[PDB]
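**Student:** Got protein_33.pdb for you, PDB, C-alpha atoms:
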ATOM      1  CA  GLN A  10     -16.570 -12.763   8.347
ATOM      2  CA  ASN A  11     -15.492 -12.354   4.729
ATOM      3  CA  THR A  12     -13.429  -9.251   3.918
ATOM      4  CA  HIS A  13     -14.299  -9.147   0.234
ATOM      5  CA  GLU A  14     -18.061  -9.304   0.967
ATOM      6  CA  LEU A  15     -17.908  -6.619   3.714
ATOM      7  CA  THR A  16     -15.806  -4.382   1.485
ATOM      8  CA  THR A  17     -18.325  -4.760  -1.344
ATOM      9  CA  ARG A  18     -21.070  -3.480   0.954
ATOM     10  CA  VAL A  19     -19.129  -0.515   2.229
ATOM     11  CA  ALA A  20     -17.857   0.439  -1.240
ATOM     12  CA  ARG A  21     -21.422   0.569  -2.602
ATOM     13  CA  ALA A  22     -22.237   2.896   0.248
ATOM     14  CA  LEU A  23     -19.286   5.200  -0.533
ATOM     15  CA  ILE A  24     -20.342   5.249  -4.204
ATOM     16  CA  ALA A  25     -23.900   6.052  -3.158
ATOM     17  CA  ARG A  26     -22.649   9.231  -1.370
ATOM     18  CA  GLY A  27     -20.093  10.018  -4.085
ATOM     19  CA  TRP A  28     -17.386   9.993  -1.443
ATOM     20  CA  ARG A  29     -13.703   9.326  -2.085
ATOM     21  CA  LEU A  30     -11.679   7.187   0.377
ATOM     22  CA  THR A  31      -7.927   7.115   0.951
ATOM     23  CA  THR A  32      -5.819   5.003   3.365
ATOM     24  CA  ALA A  33      -2.574   5.166   5.425
ATOM     25  CA  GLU A  34      -1.334   1.883   6.882
ATOM     26  CA  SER A  35       1.501   0.701   9.024
ATOM     27  CA  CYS A  36       1.102  -2.772  10.587
ATOM     28  CA  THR A  37      -1.634  -3.878   8.155
ATOM     29  CA  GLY A  38       1.029  -3.522   5.480
ATOM     30  CA  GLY A  39      -1.098  -2.548   2.447
ATOM     31  CA  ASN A  40      -3.776  -5.193   3.042
ATOM     32  CA  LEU A  41      -6.507  -2.568   3.471
ATOM     33  CA  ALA A  42      -5.513  -0.952   0.154
ATOM     34  CA  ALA A  43      -5.456  -4.471  -1.300
ATOM     35  CA  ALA A  44      -9.041  -5.113  -0.215
ATOM     36  CA  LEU A  45     -10.197  -1.871  -1.836
ATOM     37  CA  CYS A  46      -8.374  -2.558  -5.072
ATOM     38  CA  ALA A  47      -9.830  -6.070  -5.239
ATOM     39  CA  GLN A  48     -13.295  -4.469  -5.623
ATOM     40  CA  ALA A  49     -15.020  -4.402  -8.989
ATOM     41  CA  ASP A  50     -15.186  -0.591  -9.269
ATOM     42  CA  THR A  51     -12.310   0.676  -7.164
ATOM     43  CA  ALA A  52     -11.659   3.864  -9.114
ATOM     44  CA  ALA A  53     -15.190   5.087  -8.415
ATOM     45  CA  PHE A  54     -14.279   5.577  -4.759
ATOM     46  CA  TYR A  55     -10.522   5.014  -4.236
ATOM     47  CA  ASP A  56      -7.142   5.529  -5.844
ATOM     48  CA  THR A  57      -4.487   6.359  -3.216
ATOM     49  CA  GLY A  58      -3.031   4.380  -0.351
ATOM     50  CA  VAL A  59       0.241   4.574   1.517
ATOM     51  CA  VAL A  60       2.167   2.165   3.707
ATOM     52  CA  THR A  61       4.437   3.997   6.221
ATOM     53  CA  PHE A  62       5.886   1.239   8.369
ATOM     54  CA  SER A  63       8.381   3.254  10.454
ATOM     55  CA  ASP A  64       8.466   6.525  12.368
ATOM     56  CA  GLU A  65      10.486   8.268   9.668
ATOM     57  CA  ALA A  66       8.129   7.148   6.887
ATOM     58  CA  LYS A  67       5.208   8.602   8.850
ATOM     59  CA  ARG A  68       7.126  11.878   9.247
ATOM     60  CA  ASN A  69       8.239  11.887   5.606
ATOM     61  CA  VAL A  70       5.091  10.838   3.717
ATOM     62  CA  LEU A  71       2.373  11.980   6.112
ATOM     63  CA  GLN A  72       4.036  14.865   8.003
ATOM     64  CA  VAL A  73       3.334  13.295  11.397
ATOM     65  CA  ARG A  74       5.019  15.684  13.854
ATOM     66  CA  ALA A  75       8.301  14.550  15.419
ATOM     67  CA  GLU A  76       7.031  15.578  18.842
ATOM     68  CA  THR A  77       3.842  13.530  18.432
ATOM     69  CA  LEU A  78       5.869  10.399  17.819
ATOM     70  CA  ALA A  79       8.318  11.232  20.611
ATOM     71  CA  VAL A  80       5.592  11.750  23.184
ATOM     72  CA  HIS A  81       2.879   9.228  22.254
ATOM     73  CA  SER A  82       4.711   6.787  19.889
ATOM     74  CA  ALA A  83       3.361   5.683  16.462
ATOM     75  CA  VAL A  84       0.734   3.408  18.043
ATOM     76  CA  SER A  85      -1.391   6.134  19.561
ATOM     77  CA  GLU A  86      -4.516   8.168  19.053
ATOM     78  CA  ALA A  87      -2.470  11.261  18.258
ATOM     79  CA  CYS A  88      -0.424   9.483  15.641
ATOM     80  CA  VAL A  89      -3.410   7.973  13.792
ATOM     81  CA  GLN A  90      -5.091  11.413  13.849
ATOM     82  CA  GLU A  91      -2.049  13.025  12.195
ATOM     83  CA  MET A  92      -1.636  10.097   9.759
ATOM     84  CA  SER A  93      -5.281  10.527   8.721
ATOM     85  CA  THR A  94      -4.893  14.275   8.110
ATOM     86  CA  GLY A  95      -1.681  13.731   6.160
ATOM     87  CA  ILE A  96      -3.159  11.233   3.735
ATOM     88  CA  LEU A  97      -6.511  13.054   3.438
ATOM     89  CA  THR A  98      -4.636  16.157   2.321
ATOM     90  CA  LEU A  99      -2.100  14.383   0.083
ATOM     91  CA  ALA A 100      -4.780  12.349  -1.738
ATOM     92  CA  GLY A 101      -7.416  15.074  -2.014
ATOM     93  CA  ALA A 102     -10.016  12.615  -0.706
ATOM     94  CA  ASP A 103     -13.150  12.985   1.407
ATOM     95  CA  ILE A 104     -12.505  10.239   3.970
ATOM     96  CA  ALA A 105      -9.173   8.914   5.245
ATOM     97  CA  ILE A 106      -8.605   5.764   7.272
ATOM     98  CA  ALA A 107      -5.328   5.467   9.210
ATOM     99  CA  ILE A 108      -4.336   2.285  11.036
ATOM    100  CA  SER A 109      -1.321   2.011  13.360
ATOM    101  CA  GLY A 110      -0.685  -0.935  15.632
ATOM    102  CA  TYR A 111       1.409  -3.939  16.597
ATOM    103  CA  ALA A 112       0.468  -7.029  14.579
ATOM    104  CA  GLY A 113       2.732  -9.359  16.570
ATOM    105  CA  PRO A 114       4.186 -11.577  17.529
ATOM    106  CA  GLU A 115       6.078  -8.916  19.507
ATOM    107  CA  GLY A 116       4.370  -6.207  21.536
ATOM    108  CA  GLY A 117       5.326  -2.559  21.650
ATOM    109  CA  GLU A 118       8.605  -1.551  23.258
ATOM    110  CA  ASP A 119       6.305   0.324  25.688
ATOM    111  CA  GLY A 120       4.620  -2.883  26.843
ATOM    112  CA  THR A 121       1.682  -2.348  24.441
ATOM    113  CA  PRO A 122       0.461  -5.930  23.869
ATOM    114  CA  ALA A 123       0.729  -7.533  20.469
ATOM    115  CA  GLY A 124      -2.586  -7.076  18.656
ATOM    116  CA  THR A 125      -3.149  -3.522  19.812
ATOM    117  CA  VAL A 126      -4.248  -1.359  16.888
ATOM    118  CA  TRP A 127      -5.337   2.311  16.739
ATOM    119  CA  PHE A 128      -7.718   3.511  14.022
ATOM    120  CA  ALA A 129      -8.776   6.897  12.747
ATOM    121  CA  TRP A 130     -11.586   7.679  10.324
ATOM    122  CA  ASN A 131     -11.248  11.256   9.123
ATOM    123  CA  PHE A 132     -14.221  12.710   7.237
ATOM    124  CA  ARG A 133     -13.214  16.059   5.730
ATOM    125  CA  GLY A 134     -11.285  16.913   8.930
ATOM    126  CA  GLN A 135     -13.803  15.515  11.471
ATOM    127  CA  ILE A 136     -11.818  12.664  13.060
ATOM    128  CA  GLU A 137     -13.160   9.756  15.048
ATOM    129  CA  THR A 138     -10.767   7.233  16.622
ATOM    130  CA  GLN A 139     -10.751   3.808  18.276
ATOM    131  CA  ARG A 140      -8.295   1.459  19.995
ATOM    132  CA  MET A 141      -8.721  -2.288  19.588
ATOM    133  CA  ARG A 142      -6.699  -5.254  20.871
ATOM    134  CA  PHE A 143      -7.146  -8.234  18.556
ATOM    135  CA  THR A 144      -6.411 -11.826  19.493
ATOM    136  CA  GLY A 145      -4.650 -14.291  17.190
ATOM    137  CA  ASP A 146      -1.463 -14.641  15.165
ATOM    138  CA  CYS A 147      -0.042 -11.625  13.328
ATOM    139  CA  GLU A 148      -1.790 -12.404  10.035
ATOM    140  CA  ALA A 149      -5.133 -12.865  11.875
ATOM    141  CA  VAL A 150      -4.596  -9.522  13.623
ATOM    142  CA  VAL A 151      -3.980  -7.866  10.254
ATOM    143  CA  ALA A 152      -7.068  -9.429   8.701
ATOM    144  CA  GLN A 153      -9.222  -8.480  11.693
ATOM    145  CA  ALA A 154      -7.911  -4.924  11.644
ATOM    146  CA  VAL A 155      -8.630  -4.505   7.908
ATOM    147  CA  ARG A 156     -12.178  -5.820   8.386
ATOM    148  CA  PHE A 157     -12.750  -3.698  11.494
ATOM    149  CA  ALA A 158     -11.625  -0.554   9.615
ATOM    150  CA  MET A 159     -14.220  -1.208   6.900
ATOM    151  CA  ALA A 160     -17.054  -2.450   9.125
ATOM    152  CA  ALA A 161     -16.763   0.655  11.348
ATOM    153  CA  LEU A 162     -16.634   2.890   8.289
ATOM    154  CA  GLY A 163     -19.782   1.192   7.067
ATOM    155  CA  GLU A 164     -21.498   2.236  10.306
ATOM    156  CA  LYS A 165     -20.081   5.740  10.385
ATOM    157  CA  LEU A 166     -21.295   6.461   6.842
ATOM    158  CA  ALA A 167     -24.807   7.329   8.027
ATOM    159  CA  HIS A 168     -23.613   9.838  10.626
ATOM    160  CA  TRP A 169     -21.900  11.899   8.544
TER
ATOM    161  CA  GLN B  10       5.697 -21.112  -5.380
ATOM    162  CA  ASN B  11       5.238 -19.592  -1.932
ATOM    163  CA  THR B  12       5.392 -15.787  -1.725
ATOM    164  CA  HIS B  13       6.347 -15.626   1.935
ATOM    165  CA  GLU B  14       9.284 -18.041   1.428
ATOM    166  CA  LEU B  15      10.571 -16.236  -1.712
ATOM    167  CA  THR B  16      10.266 -12.879   0.026
ATOM    168  CA  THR B  17      12.242 -14.191   3.003
ATOM    169  CA  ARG B  18      15.101 -15.116   0.675
ATOM    170  CA  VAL B  19      15.169 -11.820  -1.149
ATOM    171  CA  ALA B  20      14.860  -9.775   2.058
ATOM    172  CA  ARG B  21      17.908 -11.516   3.561
ATOM    173  CA  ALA B  22      19.772 -10.573   0.424
ATOM    174  CA  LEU B  23      18.740  -6.900   0.682
ATOM    175  CA  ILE B  24      19.814  -6.892   4.348
ATOM    176  CA  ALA B  25      23.124  -8.471   3.370
ATOM    177  CA  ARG B  26      23.851  -5.485   1.042
ATOM    178  CA  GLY B  27      22.362  -2.949   3.466
ATOM    179  CA  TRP B  28      20.009  -1.820   0.727
ATOM    180  CA  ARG B  29      16.657  -0.124   1.279
ATOM    181  CA  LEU B  30      13.647  -1.056  -0.914
ATOM    182  CA  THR B  31      10.521   0.965  -1.658
ATOM    183  CA  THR B  32       7.461   0.112  -3.813
ATOM    184  CA  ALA B  33       4.807   1.793  -6.035
ATOM    185  CA  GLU B  34       1.826  -0.348  -7.016
ATOM    186  CA  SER B  35      -1.274   0.006  -9.086
ATOM    187  CA  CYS B  36      -3.036  -3.252 -10.059
ATOM    188  CA  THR B  37      -1.323  -5.336  -7.349
ATOM    189  CA  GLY B  38      -3.151  -3.090  -4.901
ATOM    190  CA  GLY B  39      -0.702  -3.061  -1.955
ATOM    191  CA  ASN B  40      -0.080  -6.820  -1.990
ATOM    192  CA  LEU B  41       3.640  -6.364  -2.689
ATOM    193  CA  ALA B  42       3.932  -3.973   0.277
ATOM    194  CA  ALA B  43       1.925  -6.529   2.263
ATOM    195  CA  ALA B  44       4.419  -9.286   1.476
ATOM    196  CA  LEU B  45       7.317  -7.103   2.622
ATOM    197  CA  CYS B  46       5.599  -6.088   5.829
ATOM    198  CA  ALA B  47       4.763  -9.716   6.622
ATOM    199  CA  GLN B  48       8.530 -10.376   6.923
ATOM    200  CA  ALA B  49      10.144 -10.789  10.319
ATOM    201  CA  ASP B  50      12.496  -7.789  10.002
ATOM    202  CA  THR B  51      10.779  -5.444   7.582
ATOM    203  CA  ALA B  52      12.191  -2.208   8.969
ATOM    204  CA  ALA B  53      15.738  -3.380   8.265
ATOM    205  CA  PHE B  54      15.094  -3.037   4.537
ATOM    206  CA  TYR B  55      11.682  -1.399   3.919
ATOM    207  CA  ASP B  56       9.309   1.220   5.253
ATOM    208  CA  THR B  57       7.493   3.005   2.396
ATOM    209  CA  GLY B  58       5.018   1.810  -0.191
ATOM    210  CA  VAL B  59       2.371   3.562  -2.230
ATOM    211  CA  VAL B  60      -0.701   2.401  -4.106
ATOM    212  CA  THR B  61      -1.619   4.784  -6.990
ATOM    213  CA  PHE B  62      -4.502   3.075  -8.747
ATOM    214  CA  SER B  63      -5.474   5.801 -11.247
ATOM    215  CA  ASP B  64      -3.750   8.168 -13.654
ATOM    216  CA  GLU B  65      -4.250  11.156 -11.369
ATOM    217  CA  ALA B  66      -2.838   9.335  -8.331
ATOM    218  CA  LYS B  67       0.283   8.502 -10.348
ATOM    219  CA  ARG B  68       0.594  12.171 -11.353
ATOM    220  CA  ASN B  69      -0.124  13.395  -7.820
ATOM    221  CA  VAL B  70       1.930  11.033  -5.632
ATOM    222  CA  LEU B  71       4.682  10.000  -8.037
ATOM    223  CA  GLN B  72       4.900  12.973 -10.441
ATOM    224  CA  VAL B  73       4.392  10.774 -13.505
ATOM    225  CA  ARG B  74       4.276  13.274 -16.390
ATOM    226  CA  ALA B  75       0.869  14.016 -17.920
ATOM    227  CA  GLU B  76       2.324  13.565 -21.395
ATOM    228  CA  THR B  77       3.758  10.147 -20.505
ATOM    229  CA  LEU B  78       0.329   8.908 -19.510
ATOM    230  CA  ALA B  79      -1.326  10.550 -22.519
ATOM    231  CA  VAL B  80       1.063   8.983 -25.000
ATOM    232  CA  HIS B  81       1.862   5.543 -23.547
ATOM    233  CA  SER B  82      -0.921   5.021 -20.923
ATOM    234  CA  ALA B  83      -0.286   3.897 -17.301
ATOM    235  CA  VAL B  84       0.459   0.308 -18.369
ATOM    236  CA  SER B  85       3.688   1.022 -20.188
ATOM    237  CA  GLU B  86       7.435   0.925 -19.849
ATOM    238  CA  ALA B  87       7.597   4.709 -19.657
ATOM    239  CA  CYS B  88       5.035   4.881 -16.899
ATOM    240  CA  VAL B  89       6.687   2.237 -14.686
ATOM    241  CA  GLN B  90      10.042   4.011 -15.200
ATOM    242  CA  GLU B  91       8.580   7.321 -13.977
ATOM    243  CA  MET B  92       6.675   5.600 -11.134
ATOM    244  CA  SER B  93       9.944   4.001  -9.993
ATOM    245  CA  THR B  94      11.826   7.322 -10.001
ATOM    246  CA  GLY B  95       8.994   9.051  -8.156
ATOM    247  CA  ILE B  96       8.876   6.579  -5.295
ATOM    248  CA  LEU B  97      12.674   6.146  -5.119
ATOM    249  CA  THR B  98      12.997   9.891  -4.603
ATOM    250  CA  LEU B  99      10.020  10.289  -2.244
ATOM    251  CA  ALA B 100      11.119   7.398   0.009
ATOM    252  CA  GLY B 101      14.854   8.100  -0.015
ATOM    253  CA  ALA B 102      15.485   4.422  -0.786
ATOM    254  CA  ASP B 103      18.144   2.574  -2.770
ATOM    255  CA  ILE B 104      15.902   0.344  -4.897
ATOM    256  CA  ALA B 105      12.358   1.008  -6.114
ATOM    257  CA  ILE B 106       9.972  -1.506  -7.645
ATOM    258  CA  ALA B 107       7.034  -0.155  -9.675
ATOM    259  CA  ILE B 108       4.293  -2.417 -11.024
ATOM    260  CA  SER B 109       1.562  -1.260 -13.426
ATOM    261  CA  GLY B 110      -0.774  -3.609 -15.234
ATOM    262  CA  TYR B 111      -4.265  -4.957 -15.818
ATOM    263  CA  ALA B 112      -5.181  -7.656 -13.293
ATOM    264  CA  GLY B 113      -8.473  -8.527 -15.003
ATOM    265  CA  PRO B 114     -10.988  -9.614 -15.673
ATOM    266  CA  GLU B 115     -11.091  -6.701 -18.140
ATOM    267  CA  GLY B 116      -8.237  -5.840 -20.481
ATOM    268  CA  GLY B 117      -6.913  -2.385 -21.217
ATOM    269  CA  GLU B 118      -9.082   0.065 -23.128
ATOM    270  CA  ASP B 119      -6.249  -0.147 -25.703
ATOM    271  CA  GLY B 120      -6.788  -3.871 -26.252
ATOM    272  CA  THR B 121      -3.965  -4.762 -23.819
ATOM    273  CA  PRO B 122      -5.011  -8.245 -22.627
ATOM    274  CA  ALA B 123      -5.984  -8.838 -19.036
ATOM    275  CA  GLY B 124      -2.928 -10.102 -17.151
ATOM    276  CA  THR B 125      -0.474  -7.764 -18.823
ATOM    277  CA  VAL B 126       1.819  -6.207 -16.226
ATOM    278  CA  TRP B 127       4.835  -3.874 -16.602
ATOM    279  CA  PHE B 128       7.606  -3.862 -13.992
ATOM    280  CA  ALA B 129      10.489  -1.561 -13.215
ATOM    281  CA  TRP B 130      13.352  -2.176 -10.806
ATOM    282  CA  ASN B 131      15.205   1.072 -10.203
ATOM    283  CA  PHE B 132      18.562   0.815  -8.422
ATOM    284  CA  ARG B 133      19.754   4.316  -7.515
ATOM    285  CA  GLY B 134      18.515   5.610 -10.902
ATOM    286  CA  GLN B 135      19.629   2.635 -13.061
ATOM    287  CA  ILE B 136      16.284   1.249 -14.279
ATOM    288  CA  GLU B 137      15.596  -2.168 -15.713
ATOM    289  CA  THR B 138      12.108  -3.053 -16.988
ATOM    290  CA  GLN B 139      10.032  -6.048 -18.080
ATOM    291  CA  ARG B 140       6.587  -6.779 -19.530
ATOM    292  CA  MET B 141       4.790  -9.962 -18.515
ATOM    293  CA  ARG B 142       1.363 -11.370 -19.415
ATOM    294  CA  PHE B 143       0.122 -13.649 -16.640
ATOM    295  CA  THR B 144      -2.601 -16.248 -17.035
ATOM    296  CA  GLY B 145      -5.343 -16.840 -14.464
ATOM    297  CA  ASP B 146      -8.039 -14.960 -12.573
ATOM    298  CA  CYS B 147      -7.360 -11.434 -11.308
ATOM    299  CA  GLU B 148      -6.220 -12.548  -7.849
ATOM    300  CA  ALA B 149      -3.857 -15.140  -9.423
ATOM    301  CA  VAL B 150      -2.450 -12.429 -11.700
ATOM    302  CA  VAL B 151      -1.824 -10.215  -8.670
ATOM    303  CA  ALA B 152      -0.134 -13.007  -6.736
ATOM    304  CA  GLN B 153       2.018 -13.964  -9.727
ATOM    305  CA  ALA B 154       3.007 -10.351 -10.306
ATOM    306  CA  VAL B 155       4.024  -9.842  -6.652
ATOM    307  CA  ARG B 156       6.130 -13.022  -6.736
ATOM    308  CA  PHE B 157       7.665 -12.143 -10.107
ATOM    309  CA  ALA B 158       8.661  -8.680  -8.806
ATOM    310  CA  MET B 159      10.534 -10.275  -5.895
ATOM    311  CA  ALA B 160      12.012 -13.257  -7.749
ATOM    312  CA  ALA B 161      13.457 -10.954 -10.446
ATOM    313  CA  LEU B 162      14.799  -8.607  -7.789
ATOM    314  CA  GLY B 163      16.443 -11.595  -6.156
ATOM    315  CA  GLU B 164      18.280 -12.261  -9.428
ATOM    316  CA  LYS B 165      19.148  -8.649 -10.130
ATOM    317  CA  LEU B 166      20.731  -8.215  -6.689
ATOM    318  CA  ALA B 167      24.034  -9.737  -7.816
ATOM    319  CA  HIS B 168      24.380  -7.447 -10.835
ATOM    320  CA  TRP B 169      24.282  -4.479  -9.194
TER
END
In structure tokens, write the structure found in this file.
**Tutor:**
Amino acid sequence: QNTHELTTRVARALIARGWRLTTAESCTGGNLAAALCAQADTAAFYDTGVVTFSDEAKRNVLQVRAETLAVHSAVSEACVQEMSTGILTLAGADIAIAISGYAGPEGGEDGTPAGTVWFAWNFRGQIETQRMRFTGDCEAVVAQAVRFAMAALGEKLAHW
Amino acid sequence: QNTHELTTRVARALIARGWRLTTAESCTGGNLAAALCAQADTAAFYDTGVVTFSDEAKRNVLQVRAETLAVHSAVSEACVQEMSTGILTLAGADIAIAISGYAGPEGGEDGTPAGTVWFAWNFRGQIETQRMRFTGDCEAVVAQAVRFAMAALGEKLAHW
């Protein structure tokens, strides 16, 4: 499916609710932020994204706890939860999406297969999470992860 | 020219110097961060990028002064200077690139034509800047701005 078309649909839905989105990315590299900024009326629902590609950047920018990274690693439910809280609070937004994963071609040092990606969607402190394992080359994994983040948000918006 | 190939060349040069890059983007939306993360050895030279698409996000994340935005607007030499200092300091990096511009299709409210983009390259507090006006549709402007940021950095690295 087409990322720009999906993102159009989900953005109209955020604008309908008057909700503000923010994003924290690691392996997707800024491509989720890029999809949001490519929208016709970005500022009506979005203005802040971060890319925190390493453990220290997650600790520094998003205040992910050292012990969370030590125990669960950055590609984990706990880490995406803490990433989502950190960017929700920094940006003063209503919803935060955090994505942390291995795009490939290499897997995690823990054996986590390439293509594994954790997501969090944090609505005003109510966090839902999901692990996926995408197939394909690293750029395909990134594109699939960006679209999955938005398509799932589009479904969560009514539920909430 | 090809962004991935250019970025490969400039990244090898940063790694040669042992220098750390960080980035602050507005109109390019995270696509510069995306190019850096798409590199084979990103963490050797990069781990932090921000996207601050509005005036308030620049003030909030990067501490751009209110009076700088009031007097010069966000698409200005002064603003990209302050963006570059804010992200250099936040990320604890050696070099910061800040990009602020109008991708299109609309121009600035001040008459600034669509495609106008300001850049700063901040090496440890020594800032160089440049205005460009790219031709093409908004996505072409974004791609040209990302490549220009990296190609110019590649030239500044010896000079410095």
**Student:** Which value, in Å to one decimal, gives the distance between CA of residue 62 in chain A and CA of residue 99 in chain B?
**Tutor:**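 Result for CA of residue 62 in chain A versus CA of residue 99 in chain B: 14.5 Å, one decimal.
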**Student:** Within 8 Å of chain A, which residues of chain B show up when using all atoms listed in the file, listed as a ChimeraX atom specification?
**Tutor:** /B:36-47,52,55-63,66,69-70,99-100,148
**Student:** Please provide the set of residues having any atom within 10 Å of residue 91 in chain A, restricted to all atoms listed in the file, with same-chain residues fewer than 5 positions apart removed, written as a ChimeraX atom specification.
**Tutor:** /A:67-68,71-74,77,86,96-97,107,129,131,136
**Student:** Do you have the CA of residue 20 in chain A-CA of residue 102 in chain A distance handy?
**Tutor:**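 Taking CA of residue 20 in chain A and CA of residue 102 in chain A, their separation equals 14.5 Å.
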**Student:** Run the PyMOL selection byres ((chain B and resi 15) around 12) mentally over the shown coordinates, then write out the matched residues as a CSV table (one decimal) with C-alpha atoms, keeping the file's coordinate frame, using the chain letters and numbers from the document.
**Tutor:**
chain,number,residue,atom,x,y,z
B,10,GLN,CA,5.7,-21.1,-5.4
B,11,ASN,CA,5.2,-19.6,-1.9
B,12,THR,CA,5.4,-15.8,-1.7
B,13,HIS,CA,6.3,-15.6,1.9
B,14,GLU,CA,9.3,-18.0,1.4
B,16,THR,CA,10.3,-12.9,0.0
B,17,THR,CA,12.2,-14.2,3.0
B,18,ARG,CA,15.1,-15.1,0.7
B,19,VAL,CA,15.2,-11.8,-1.1
B,20,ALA,CA,14.9,-9.8,2.1
B,21,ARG,CA,17.9,-11.5,3.6
B,22,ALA,CA,19.8,-10.6,0.4
B,44,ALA,CA,4.4,-9.3,1.5
B,45,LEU,CA,7.3,-7.1,2.6
B,48,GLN,CA,8.5,-10.4,6.9
B,153,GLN,CA,2.0,-14.0,-9.7
B,155,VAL,CA,4.0,-9.8,-6.7
B,156,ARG,CA,6.1,-13.0,-6.7
B,157,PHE,CA,7.7,-12.1,-10.1
B,158,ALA,CA,8.7,-8.7,-8.8
B,159,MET,CA,10.5,-10.3,-5.9
B,160,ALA,CA,12.0,-13.3,-7.7
B,161,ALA,CA,13.5,-11.0,-10.4
B,162,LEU,CA,14.8,-8.6,-7.8
B,163,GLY,CA,16.4,-11.6,-6.2
B,164,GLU,CA,18.3,-12.3,-9.4
**Student:** So how far away is CA of residue 146 in chain A from CA of residue 130 in chain A, in Å?
**Tutor:**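 CA of residue 146 in chain A lies 25.0 Å from CA of residue 130 in chain A.
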**Student:** From the set B:87, B:53, B:123, B:167, which residue has the shortest atom-to-atom contact distance to residue 29 in chain B, counting only C-alpha atoms?
**Tutor:**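 Distance minimum relative to residue 29 in chain B lands on B:53.
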**Student:** Given the file shown, determine the residues that the PyMOL selection byres ((chain A and resi 89) around 8) selects; report them as number ranges by chain.
**Tutor:** A: 83-88, 90-93, 107-109, 127-129, 138
**Student:** Excluding residue 150 in chain A and any residue of its chain fewer than 6 positions from it, enumerate the residues within 7 Å of it, using only C-alpha atoms, and give them as a list in words.
**Tutor:**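 Everything that qualifies: residues 112, 124, 143 and 144 of chain A.
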**Student:** On this structure, which residues satisfy the PyMOL selection byres ((chain A and resi 133) around 7), written as a PDB file with C-alpha atoms, keeping the file's coordinate frame?
**Tutor:**
ATOM      1  CA  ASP A 103     -13.150  12.985   1.407  1.00  0.00           C
ATOM      2  CA  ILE A 104     -12.505  10.239   3.970  1.00  0.00           C
ATOM      3  CA  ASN A 131     -11.248  11.256   9.123  1.00  0.00           C
ATOM      4  CA  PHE A 132     -14.221  12.710   7.237  1.00  0.00           C
ATOM      5  CA  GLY A 134     -11.285  16.913   8.930  1.00  0.00           C
ATOM      6  CA  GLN A 135     -13.803  15.515  11.471  1.00  0.00           C
TER       7      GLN A 135
END
**Student:** For each of A:137, A:79, A:120, A:54, take the minimum atom-to-atom distance to residue 169 in chain A, counting all atoms listed in the file, then give the residue where this is smallest.
**Tutor:** A:137
